[PDB]
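Let me begin by presenting the structure, written as structure tokens, before commenting on it.
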Amino acid sequence: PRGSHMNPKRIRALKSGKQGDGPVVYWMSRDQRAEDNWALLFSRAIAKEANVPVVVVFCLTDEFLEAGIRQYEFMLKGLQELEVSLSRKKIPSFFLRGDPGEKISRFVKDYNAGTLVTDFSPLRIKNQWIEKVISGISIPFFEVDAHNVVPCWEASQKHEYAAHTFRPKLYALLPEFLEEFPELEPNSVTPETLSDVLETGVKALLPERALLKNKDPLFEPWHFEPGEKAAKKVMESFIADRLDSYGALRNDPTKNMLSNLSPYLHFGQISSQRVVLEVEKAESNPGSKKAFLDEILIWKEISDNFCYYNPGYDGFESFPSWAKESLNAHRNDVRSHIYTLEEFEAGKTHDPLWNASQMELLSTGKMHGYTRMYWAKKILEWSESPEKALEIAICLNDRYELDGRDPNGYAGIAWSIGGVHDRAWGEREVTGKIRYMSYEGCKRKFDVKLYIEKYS
DNA sequence: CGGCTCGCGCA
DNA sequence: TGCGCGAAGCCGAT
Ligand SMILES: Cc1cc2nc3c(=O)[nH]c(=O)nc-3n(C[C@H](O)[C@H](O)[C@H](O)COP(=O)(O)OP(=O)(O)OC[C@H]3O[C@@H](n4cnc5c(N)ncnc54)[C@H](O)[C@@H]3O)c2cc1C
């Protein structure tokens with residue numbers, strides 16, 4: 001589809017047809033950014049060879065009622081900044097409200113689009129929208145992987161059992177797909193208010209707000225500034241101040257040594273390929289670079305491999321055969337404790353370490369990467385069944401995490417509860433052969449009293 | 001067959 | 001804190 005700096009393996013055809021005489025339409029969803037976006041670049045390249053302008057369309061769905069204000073404001077404020085960025089490049093952006101299966105097909109017919117492009121997401125609801133759009137349009141429909149360094153359908157053609165089998169496949173394709181991004185050329189031709197959608201949506205989510213006793217909100221919004229510009233600053237400070245000590249202080253929740261990039265990486269406000277490009281060129285601790293590259297490349301893209309090849313990624317059926325047989329045998333085991341969804345949500349357990357972990361989630365929207373393991377595994381230990389544990393963890397993870405509703409979450413929860421991408425460990429009660437984490441094990445690895453005292 | 005992103009005993 | 005071992009089931013390189 002033309003291009004010199006454009007690898008054709010990044011784009012695949014969802015529907016064939018005669019290319020219309022209208023503008024090229026980029027259905028933006030996962031990658032909400034103007035820079036370092038292969039989908040927006042491939043849309044501009046197709047627009048250049050056809051001598052037509054490119055436009056961006058974003059469909060705001062009713063999915064925001066399932067989450068809260070913390071994710072709604074973080075995403076909508078970045079789209080307000082993105083609207084100004086695309087305007088400087090003469091790219092007009094259109095924001096629709098409703099079902100994408102019906103709104104995109106109507107926008108395509110109304111604007112007389114010539115070609116339709118969208119980004120890649122392995123989630124179930126995205127494939128449902130794509131099949132609805134294919135049946136309602138008659139122009140070519142393409143899909144570009146702008147979230148992974150190596151395209152998901154190109155890195156592996158099957159479900160990967162572990163990371164030690166996915167690691168050689170990914171790193172073998174890095175010299176081809178790891179490249180610099182070309183600049184977004186502005187439009188040569190020419191062709192709802194986001195402020196009202198923000199005030200309307202916030203007023204609908206106000207009753208469901210997380211509060212404390214004196215009716216004060218629990219969420220602290222000053223920890224992470226949303227937007228494409230702020231995501232660049234978070235990367236720069238991480239490379240300059242936090243990348244050196246990353247390899248040694250990554251599992252210490254009392255130290256702020258993480259990249260803090262998952263809120264921006266989830267909404268697509270920053271390209272993970274851009275982060276890899278800068279980390280590769282940075283002269284820092286070699287063990288710290290290898291530890292970070294293993295996270296943002298192997299573990300981030302293998303979660304896309306998990307959801308894309310297992311349509312029941314949020315279910316007990318996606319668990320391996322050894323894990324399902326172990327969890328099934330311990331179904332009748334008496335639990336030491338039993339808490340419901342409301343008691344897990346308010347942090348009213350007997351474990352001050354688990355409660356402090358839940359408080360960091362409710363107040364900042366980003367639980368530390370290490371405690372999220374202990375947070376999820378203790379749910380399986382103090383719940384009715386593995387299905388209820390999977391249901392409570394997914395609920396709290398997608399409702400209060402800023403990086404929630406992400407393929408990393410369903411793969412991370414399945415790792416902690418179902419042992420996905422893990423192996424079997426010592427036999428125990430209730431949990432069986434699933435990996436076990438203890439409060440005493442965290443006491444020997446970091447100052448637990450400091451973590452508890454920080455979040456009450 | 002070899003090696004996989006815990007708890008535990010011991011410097 | 002840092003290291004070596006234990007307990008476990010299975011992939012995949014042959
Ligand atoms: C039960 C559970 C639930 C999770 N929930 C989510 C979620 O909803 N959204 C989410 O983005 N991550 C989730 N993860 C992964 C992990 O908790 C976050 O990626 C990380 O804590 C975010 O902080 P960070 O970006 O500063 O981490 P860093 O150490 O800076 O990691 C850098 C990047 O690497 C990737 N990464 C790191 N660790 C993992 C991992 N274990 N799996 C996959 N990718 C990883 C992420 O893209 C992250 O932004 C979850 C993990 C677990 C165990």
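Convention: sequence-line order gives letters A, B, ...; per-chain numbering from 1. The basis for the numbers below is simple: all heavy atoms, side chains too, and nothing from hydrogens, waters or symmetry mates.
Of the candidates C:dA8, B:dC4, C:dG12, the closest approach to any side-chain atom of A:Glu427 belongs to C:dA8. Taking every side-chain heavy atom of A:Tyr161 into account, C:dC10 is the closest of C:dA8, B:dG7, C:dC10. Side-chain proximity of A:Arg423 to B:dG7, C:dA7, C:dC10: nearest is C:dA7.
Within the 4.0 Å cut-off from OP1 or OP2 of B:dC6, at least one side-chain nitrogen or oxygen of A:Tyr370 is found. The phosphate of C:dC11 (OP1 or OP2) has no side-chain N or O of A:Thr165 nearer than 4.0 angstrom. Here A:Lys433 does not reach the OP1 or OP2 of C:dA7: none of its side-chain N or O atoms lies under 4.0 Å away. Between A:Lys445 and the phosphate of C:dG2, there is no side-chain N or O to OP1/OP2 separation shorter than 4.0 Å.
Legend: residues meeting ring-ring contact (aromatic ring centres under 6.0 Å, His included) with A:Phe267, ordered by chain and number and at least two apart, are A:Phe74. With sequence neighbours excluded, no residue forms a salt bridge (charged side-chain N to carboxylate O under 4.0 Å, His left out) with A:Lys255. In this view, A:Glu401 and A:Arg372 satisfy the salt bridge (charged side-chain N to carboxylate O under 4.0 Å, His left out) rule, not counting sequence neighbours. The salt bridge (charged side-chain N to carboxylate O under 4.0 Å, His left out) search around A:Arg33 returns A:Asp31, not counting sequence neighbours. Applying the salt bridge (charged side-chain N to carboxylate O under 4.0 Å, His left out) test to A:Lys77 and every residue at least two apart in sequence or in another chain returns A:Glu73.
Base pairing in DNA chain C gives the following stems of 3 or more Watson-Crick or G-U pairs, range against range and under 3.5 Å: B:1-4 with C:9-12, B:6-11 with C:1-6.
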